[PDB]
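Inside the fold
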Amino acid sequence: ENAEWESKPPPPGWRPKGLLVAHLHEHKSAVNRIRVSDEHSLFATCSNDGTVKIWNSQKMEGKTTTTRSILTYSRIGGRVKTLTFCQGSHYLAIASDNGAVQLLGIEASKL
Amino acid sequence: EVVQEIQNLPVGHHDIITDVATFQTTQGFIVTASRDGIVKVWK
Amino acid sequence: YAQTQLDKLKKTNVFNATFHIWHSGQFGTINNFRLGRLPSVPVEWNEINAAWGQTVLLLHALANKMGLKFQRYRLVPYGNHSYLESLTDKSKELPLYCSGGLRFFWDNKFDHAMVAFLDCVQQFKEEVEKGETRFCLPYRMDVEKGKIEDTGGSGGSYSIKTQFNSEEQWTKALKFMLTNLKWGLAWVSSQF
Amino acid sequence: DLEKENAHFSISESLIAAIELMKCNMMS
Amino acid sequence: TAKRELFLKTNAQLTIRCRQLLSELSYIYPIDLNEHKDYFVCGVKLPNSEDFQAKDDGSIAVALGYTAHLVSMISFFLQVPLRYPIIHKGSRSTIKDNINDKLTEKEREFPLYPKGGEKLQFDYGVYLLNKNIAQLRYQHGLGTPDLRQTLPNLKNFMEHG
């Protein structure tokens, strides 16, 4: 009964005007998933080039500094085709097309 | 209830979009990604 | 998408894209600036100054590209105060910019500046036609009096000097000059 | 003469486009 | 696979033409240098942001207008949108700011030239222009050790591409 459908980020984008604030272009072949974990203020994207890039939720504004990924990881291989942030825990999960599933502890506790 | 839709430098994506998320820190943003690797954080 | 972008770019002239010359129906336009002044359609002096400062830059670029050095005047493309400093004698200041509050008795400087620019364009036309007589510009010019003959129609002549002239004829003369510049640009780009 | 001038502008732009296309093709 | 190879072939020619017609834009706008390390656009100076002070204003305004038009044309040819779009007017150009949340609708336009009383707004406008130049320089992979140097960065970008 206590659990809620509301995801990490409640809806404050009540009405998107269509304005753009960043044009992050680093992947090469095809992005096919996006996750957001506001508990750590991060969000992630995988693709078919074998990389799972982690960005920062506070650096997206790019109002002062440039916008670039905080981390990368391309050792699973194959074609990373899904991922999910682990709620209440400081790690991520990914599943390659090799048929491999692995965790990836994110060092967000230390800054 | 069938809600039909009928018709009477572009910043939009130029290829198939594959996801739409929404993260918020102070004012909610929308995140997207096309099949060519681009990512765009709307407001 | 890539094919569409390539097909668009392959026809994008550099000068034409930068300083686009077009018509508004009654105003000759450069980069969407209105080079004219009509009673039914007012034009603030700042817009006219910008239009002159852009036309000066366009003609300066074309002259440097062709290698021509104008006989009797020098073009100085200053942002919004461009002026022709008379080459033969560097004493007379000819500004292609007016500060409003016209005092025609003392503001002959702007008229002289426009006449000198018409002289430079006449020299440009002379070079273009002498190089190749097969190509002919659409309008004719006379520099002894500062006029543009309407060879594209009834043949009425128009003055480029605002003094002694109406606003409508002035705007039409500048439109003819801009058409001259566009066709000259086409020929210059083709020759290279 | 407004229509004639507009035709002049259109023809000039068409000629510029054709000339540039020919230049690019010769480059190729 | 065949169609993908053909697409890459086409993109090669597209970028070739892009640089071809970006090389001709130097026939209109020259960026120059002299021994004292001052920089000139069309022969008029444009020092770094801090060096504006205690100098003539008209030259600075004219140079900044030329720079604004040059950046706008580069972005147009490359098809790269700008986060603070520009409205070229000459010596009286302006740069917008549609992102900042701490401004009214009217306060989002700033002058890229010295103006009476609006010193801080003029400085913020020059800052926005430097940010735009850094954005363009960063899309291609180049760094920006210092953002106060307007022209040198732009000339380096032109030399690189």
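Residues numbered from 1 in each chain as written, not as in the entry; some residues may be left out. Chains lettered and ligands numbered in written order. Part of a larger assembly, values for the part shown. Heavy atoms only, no water.

In its PDB record the entry is named "Cryo-EM structure of human PI3KC3-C2 in complex with Rubicon Middle Region of C terminus".

When its secondary structure is counted, chain E shows four helices and six strands. Order of helices (α) and strands (β) in chain E, N terminus to C terminus: α-β-β-β-α-β-β-β-α-α. Dimensions of chain E, computed from the C-alpha atoms along their principal axes, are close to 65 × 45 × 30 Å. Within chain E, buried positions represent 46% of all 161 residues. Charge-centre separation for chain E: the mean point of 21 positive side chains lies 7 Å from the mean point of 18 negative side chains. (Helix = DSSP H or I, 4+ residues; strand = E, 2+ residues; numbered from the N terminus. Buried < 20%, exposed > 50% of the residue type's maximum accessible area, 1.4 Å probe, protein only. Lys, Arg positive; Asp, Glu negative; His and termini not counted. Charge placed at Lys NZ, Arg CZ, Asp CG, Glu CD.)

Turning next to the interface of chain D and chain C. At the interface, 17 residues of chain D touch 21 residues of chain C. At the boundary of chain D with chain C, total buried surface from both sides reaches about 1,800 Å², with 65% on carbon and sulfur atoms. Of all residues in chain D, the largest losses of buried area upon contact with chain C belong to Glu5(D), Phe9(D) and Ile16(D), amounting jointly to 32% of the total for that side. The interface formed by chain D and chain C includes one salt bridge. Between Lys175(C) and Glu5(D) there is a salt bridge, and its shortest N-O distance comes to 3.3 Å. Where chain D touches chain C, the interface holds three residue pairs in polar contact. When its residues are assigned to classes, the side of chain D that touches chain C shows eight nonpolar, four polar and five charged. (Contact = heavy atoms within 4.5 Å. Buried area = accessible area lost by both parts, 1.4 Å probe. Salt bridge = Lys/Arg side-chain N within 4 Å of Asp/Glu carboxyl O. Polar contact = N/O pair within 3.5 Å; in protein donor to acceptor, adjacent residues only side chain to side chain. Nonpolar A, V, L, I, M, F, W, Y, C, P; charged D, E, K, R; others polar.)

What follows is about the environment of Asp89(C). Residue and element names in this part refer to chain C. The topology assignment puts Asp-89 in the loop between β5 (83–86) and β6 (93–95). In sequence terms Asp-89 and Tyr-73 are 16 residues apart; their C-alpha atoms lie 9.1 Å from each other. At 2.5 Å, the side chain of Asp-89 forms a polar contact with the side chain of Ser-91.

Now for the pattern of salt bridges. The tally for this structure, following the rule as stated, stands at 14 salt bridges over all chains. The residue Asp101(E) makes a salt bridge to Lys43(B) at a minimum N-O spacing of 3.8 Å. Here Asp101(E), found in the loop between β5 (94–96) and β6 (109–111), pairs with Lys43(B), found in the segment after β3 (39–42), and the two come from separate chains. Residue class for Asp101(E) comes out partly exposed when judged on its relative accessible area of 48%. Residue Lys43(B) is classed as buried on the basis of its relative accessible area of 12%. One salt-bridge network, in which partners are shared between bridges, spans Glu26(A), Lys53(A) and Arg68(A).

To continue, consider the arrangement of the chains. When the seven pairs of chains in contact are ranked by number of contacts, first place goes to chains A and B. In this structure chain A stays clear of chain C, and the shortest span between their C-alpha atoms is 16 Å. What separates chain B from chain D at the closest point of their C-alpha atoms is a distance of 21 Å, and the two make no contact.

Turning to its location among the elements, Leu57(C) is positioned in helix α3 (residues 45–66). Sequence-wise, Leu57(C) and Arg34(C) are 23 residues apart; in three dimensions their C-alpha atoms are separated by 16 Å. Not counting chain neighbours up to four residues away, the residues in contact with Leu57(C) comprise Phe19(C), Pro77(C), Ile28(E), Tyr29(E) and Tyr66(E).

On to the pairing of strand β3 (residues 52–56) of chain A. For a regular strand, side chains alternate in direction, first toward one face of the sheet and then toward the other. Residue and element names in this part refer to chain A. A large share of β3 lies buried, amounting to five of its five residues. On β3, burial covers both faces: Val-52, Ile-54 and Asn-56 on one face and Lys-53 and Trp-55 on the other are all buried. Two strands pair when backbone bridges link them, and strand β2 (residues 42–47) and β3 are joined in this way by five bridges, in the antiparallel orientation. Directly across from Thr-45, in β3, lies its bridge partner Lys-53. Connecting β2 to the antiparallel partner β3 that follows it, the hairpin turn spans four residues, and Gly-50 within it adopts a positive phi of roughly 80°. (Pairing = 2+ DSSP bridges.)

This brings us to the packing of helix α4 (residues 108–131) of chain C against helix α5 (residues 167–191) of chain C. Residues and elements named next belong to chain C. In the contact formed by α4 and α5, the axes pass within 11 Å of each other and the chain directions differ by 30°. For the element pair α4 / α5, the angle class is roughly parallel. The handedness of the crossing between α4 and α5 is left-handed. Contacts from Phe-110, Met-114, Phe-117, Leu-118, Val-121, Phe-124 and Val-128 in α4 reach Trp-170, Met-177, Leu-181, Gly-184, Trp-187 and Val-188 in α5. (Axes fitted to C-alpha atoms, helices over the stretch in contact; angles between N-to-C directions. Parallel < 35°, antiparallel > 145°, perpendicular 65-115°, else oblique. Left-handed = near helix turned anticlockwise from the far one by under 90°.)

Relative to the elements of secondary structure, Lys175(C) occurs in helix α5. Overall, the relative accessible area of 1% leaves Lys175(C) in the buried class. With near-sequence residues (within four places) excluded, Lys175(C) lies in contact with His23(C), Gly25(C), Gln26(C), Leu2(D) and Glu5(D).

All right, on to the interface of chain A and chain B then. By a widespread convention, an interface's size corresponds to the accessible area lost as its parts come together. The interface of chain A with chain B comprises 29 residues on the first partner and 24 residues on the second. Carbon and sulfur atoms supply 64% of the area buried between chain A and chain B, which totals about 2,300 Å² over both sides. It is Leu20(A), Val31(A) and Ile34(A) that lose the most area in chain A upon contact with chain B, and together they represent 22% of the buried surface on that side. Here chain A is connected to chain B by two salt bridges. Between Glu61(A) and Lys43(B) there is a salt bridge, and its shortest N-O distance comes to 2.9 Å. In this structure, the connection of chain A to chain B is made through eight residue pairs in polar contact. Partitioning the side of chain A that touches chain B into residue classes produces 15 nonpolar, eight polar and six charged.

Here we take up unusual backbone geometry. Even without being a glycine, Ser41(A) presents a positive backbone phi close to 65°. Looking at the secondary structure, you find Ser41(A) in the loop between β1 (31–37) and β2. Backbone geometry places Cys42(E), a non-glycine residue, at a positive phi of 50°. Considering the arrangement of structural elements, one finds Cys42(E) in the loop between β2 (39–41) and β3 (44–45). The exposure class of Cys42(E) is partly exposed, given its relative accessible area of 28%.

A cluster of basic residues, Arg79(A), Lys81(A), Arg35(B) and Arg4(E), forms a positive patch on the protein surface. Considering the arrangement of structural elements, one finds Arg4(E) in helix α1 (residues 2–23). Exposure remark for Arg4(E): the relative accessible area of 60% places this residue in the exposed category. (Patch = residues over 30% accessible without salt bridge, like charges linked within 9 Å, V, L, I, M, F, W, Y side chains within 5 Å. Areas by Shrake-Rupley, 256 points an atom, 1.4 Å probe, with all protein chains shown as cover.)

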